[PDB]
Amino acid sequence: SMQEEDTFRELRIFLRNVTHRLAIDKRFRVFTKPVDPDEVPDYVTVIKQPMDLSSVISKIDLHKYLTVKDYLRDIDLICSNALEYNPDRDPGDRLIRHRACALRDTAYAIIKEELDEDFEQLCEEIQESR
Ligand SMILES: Cc1nnc2c(N)cc(C(=O)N3[C@H]4Cc5ccccc5[C@@H]3CNC4=O)cn12
């Protein structure tokens, strides 16, 4: 229905704003664009589901997220991919892992403070009905 499309449109607006706030954070720069296989050689073969903030925006705009839970699955993927690809004790790997975890924690904290749980419940119920 039109009321349901208004719900998903508000969800997209909310998701774009959260994504923009992550994207402008200096700590999260290396998560703003897809990992370039030319600059990071074995990446696209090791990481099966690459995910980054520009692809998250692309997915919002393509109406791929019908709930905040679906969006957060992709945020979790940015974090888990970095933990998998950079698992060593060296400072380089520890820094990207900390930034990846911080990106995921910031997204969850923004949503905890700003997302009305009845709004998410409505999105979940329209999705489950389709
Ligand atoms: C995410 C992630 N997960 N692992 C690594 C990694 N090992 C390196 C990089 C890394 O530093 N960047 C990547 C992605 C990127 C995107 C925007 C701006 C800079 C960068 C830099 C430069 N080029 C790249 O392809 C990122 N990673």
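Residues numbered from 1 in each chain as written, not as in the entry; some residues may be left out. Heavy atoms only, no water.

S.K.: Help me get a handle on unusual backbone geometry, residues and values and all.
M.R.: Positioned with a positive phi, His 63 is a non-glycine residue whose angle comes to about 65°. Looking at where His 63 falls in the secondary structure, it is placed in the loop between α3 (53-61) and α4 (68-85). (Helix = DSSP H or I, 4+ residues; strand = E, 2+ residues; numbered from the N terminus.)

S.K.: Can you tell me about helix α6 (residues 117-129), naming the residues and giving the values?
M.R.: An α-helix turns once every 3.6 residues. As a result, residues three or four positions apart point the same way. Its 13 residues give α6 an end-to-end C-alpha distance of 18 Å, which sits within 8% of 18 Å, the value for a rise of 1.5 Å per residue. Listed in full, the buried residues belonging to α6 are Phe 119, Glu 120, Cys 123, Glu 124 and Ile 126. The buried residues of α6 all sit within an arc of 165° when viewed along its axis, so they share a single face. Away from its buried face by more than 90 degrees, α6 exposes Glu 117, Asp 118, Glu 128 and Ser 129. Contact partners of the buried residues in α6: α1 (2-23) and α4. N-capping of α6 is provided by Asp 116, with a side-chain oxygen placed 2.8 Å from the backbone N of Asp 118. (Expected span 1.5 Å × (residues − 1). Buried < 20%, exposed > 50% of the residue type's maximum accessible area, 1.4 Å probe, protein only. Arc of directions from axis to C-beta. Contact = heavy atoms within 4.5 Å. Polar contact = N/O pair within 3.5 Å; in protein donor to acceptor, adjacent residues only side chain to side chain.)

S.K.: I'd like a rundown of the pattern of salt bridges, residues and numbers included.
M.R.: Under the definition given, this model contains 8 salt bridges. For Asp 61, the salt bridge goes to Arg 16, with nearest N and O atoms at 2.8 Å. Separated by 45 residues along the polypeptide, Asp 61 in helix α3 and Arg 16 in helix α1 bring together distant segments of the chain. With a relative accessible area of 29%, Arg 16 lands in the partly exposed category. For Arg 73, the salt bridge identified is with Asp 70, shortest N-O distance 2.8 Å. Separated by 3 residues within a single helix, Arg 73 and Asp 70 lie in helix α4, roughly one turn from each other. What makes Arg 73 partly exposed here is its relative accessible area of 44%. (Salt bridge = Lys/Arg side-chain N within 4 Å of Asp/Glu carboxyl O.)

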